[PDB]
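Below: the structure, in structure tokens.
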Amino acid sequence: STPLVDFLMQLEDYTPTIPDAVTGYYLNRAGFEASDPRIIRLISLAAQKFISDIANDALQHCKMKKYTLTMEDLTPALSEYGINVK
Amino acid sequence: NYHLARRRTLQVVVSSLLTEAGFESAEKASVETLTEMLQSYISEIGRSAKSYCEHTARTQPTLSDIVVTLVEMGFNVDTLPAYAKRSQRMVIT
Ligand SMILES: [Cl-]
């Protein structure tokens, strides 16, 4: 129970792989700004996971033939992130 | 310069994420693709969060606002807590 709010609280403890400054730069570039540094860290982790999910998707393809990420395996993992389909 | 520094930072981030995912190598094109997608996703969150928070009467964005923004974007927030615990172990080299 409450696994999410537990995560949100200790965001101040986590140090994401992406520096706060870098995430901040790209957010401030989209016109978004936040003083709570936990907001920056939340966004950093979400962005990281977004890429991790793609990497894992790619790996699953690579397992369909010690591991090299190729465009052959990465391309299919991008199917949801192309041109906007109506 | 600053753009170079950012690109290098994201390269290392992507490198770490690929290493954690179980890759030992990667085609340059694939690293470049994910570096681009990473910075663009952060910006997308920013636009979405901006759009969302402009509806609230509070000057300061809240963590709650951002969670809702991610949901609006179709991000599965339920899985983040588990992911965050692994990431903390992660190392850059
Ligand atoms: Cl840039």
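Chain lettering (A, B, ...) mirrors the order of the structure tokens, residue numbering begins at 1 for each chain separately, and ligand numbering begins at 1 in order of display.
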If we count only C-alpha atoms and set the cut-off at 12 Å, which residues sit around residue 3 in chain B, ignoring sequence neighbours fewer than 5 positions away in its own chain? Please answer as an mmCIF file with N, CA, C and O atoms, in the first residue's frame.
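Written out: around19.cif:
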data_model
loop_
_atom_site.group_PDB
_atom_site.id
_atom_site.type_symbol
_atom_site.label_atom_id
_atom_site.label_comp_id
_atom_site.auth_asym_id
_atom_site.auth_seq_id
_atom_site.Cartn_x
_atom_site.Cartn_y
_atom_site.Cartn_z
ATOM 1 N N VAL A 22 20.528 19.329 -16.327
ATOM 2 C CA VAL A 22 20.276 18.984 -17.722
ATOM 3 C C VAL A 22 18.783 18.827 -17.975
ATOM 4 O O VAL A 22 18.251 19.345 -18.957
ATOM 5 N N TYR A 25 17.309 22.225 -17.889
ATOM 6 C CA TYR A 25 17.546 22.998 -19.103
ATOM 7 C C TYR A 25 16.490 22.726 -20.166
ATOM 8 O O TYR A 25 15.983 23.647 -20.803
ATOM 9 N N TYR A 26 16.169 21.455 -20.370
ATOM 10 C CA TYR A 26 15.234 21.080 -21.417
ATOM 11 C C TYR A 26 13.793 21.379 -21.016
ATOM 12 O O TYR A 26 12.945 21.609 -21.877
ATOM 13 N N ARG B 8 27.160 15.249 -24.517
ATOM 14 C CA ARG B 8 28.045 14.284 -23.868
ATOM 15 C C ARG B 8 27.381 13.679 -22.632
ATOM 16 O O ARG B 8 27.495 12.482 -22.383
ATOM 17 N N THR B 9 26.690 14.509 -21.858
ATOM 18 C CA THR B 9 26.005 14.025 -20.668
ATOM 19 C C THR B 9 24.952 12.993 -21.053
ATOM 20 O O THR B 9 24.872 11.929 -20.447
ATOM 21 N N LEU B 10 24.158 13.301 -22.070
ATOM 22 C CA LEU B 10 23.086 12.405 -22.488
ATOM 23 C C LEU B 10 23.651 11.129 -23.089
ATOM 24 O O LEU B 10 23.064 10.060 -22.934
ATOM 25 N N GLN B 39 16.278 13.658 -24.960
ATOM 26 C CA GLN B 39 16.150 15.094 -24.755
ATOM 27 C C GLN B 39 14.770 15.579 -25.204
ATOM 28 O O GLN B 39 14.184 16.467 -24.582
#
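Those residues that approach residue 56 in chain A to within 12 Å, counting only C-alpha atoms, are residues 49, 50, 51, 52, 53, 54, 58, 59, 60, 61, 62, 63, 67, 69, 73, 74, 76, 77 and 78 of chain A; 17, 18, 19, 20, 21, 22 and 23 of chain B; same-chain residues fewer than 2 positions away are not listed.
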- Message: Residues of chain A were defined as contacting chain B if any atom lay at most 7 Å from it, counting only C-alpha atoms; please report them as JSON, numbers by chain.
- Response: {"A": [3, 4, 7, 14, 17, 18, 22, 23, 26, 27, 30, 31, 32, 34, 39, 45, 47, 51, 52, 55, 56, 66, 67, 68, 69, 70, 71, 74]}
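Each of A:12, A:57, A:19, A:81 was checked against residue 37 in chain A using only C-alpha atoms; the smallest atom-to-atom distance is that of A:12.
Relative to CA of residue 65 in chain A, CA of residue 11 in chain B is found at 27.1 Å.
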- Query: Restricting the calculation to only C-alpha atoms and all ligand atoms, which member of A:5, A:79, A:42, A:29 is positioned closest to ligand 1?
  - Reply: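 Ranked by minimum distance to ligand 1, first place goes to A:29.
Here CA of residue 11 in chain A and CA of residue 52 in chain B stand 21.5 Å from one another.
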- Query: B:69, B:74, B:36, B:86: which is nearest ligand 1, counting only C-alpha atoms and all ligand atoms?
  - Reply: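 Distance minimum relative to ligand 1 lands on B:36.
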- Task: Tell me, in Å to one decimal, how far CA of residue 56 in chain B is from CA of residue 33 in chain A.
- Result: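 Rounded to one decimal, the two atoms are 14.3 Å apart.
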- Query: From the set B:58, B:2, B:73, B:15, which residue has the shortest atom-to-atom contact distance to residue 46 in chain A, counting only C-alpha atoms?
  - Reply: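 Closest residue, counting only C-alpha atoms: B:73.
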- Just asking: which residues within chain A are alpha helix (DSSP H) according to DSSP, as a ChimeraX atom specification? /A:3-9,20-29,37-62,71-74
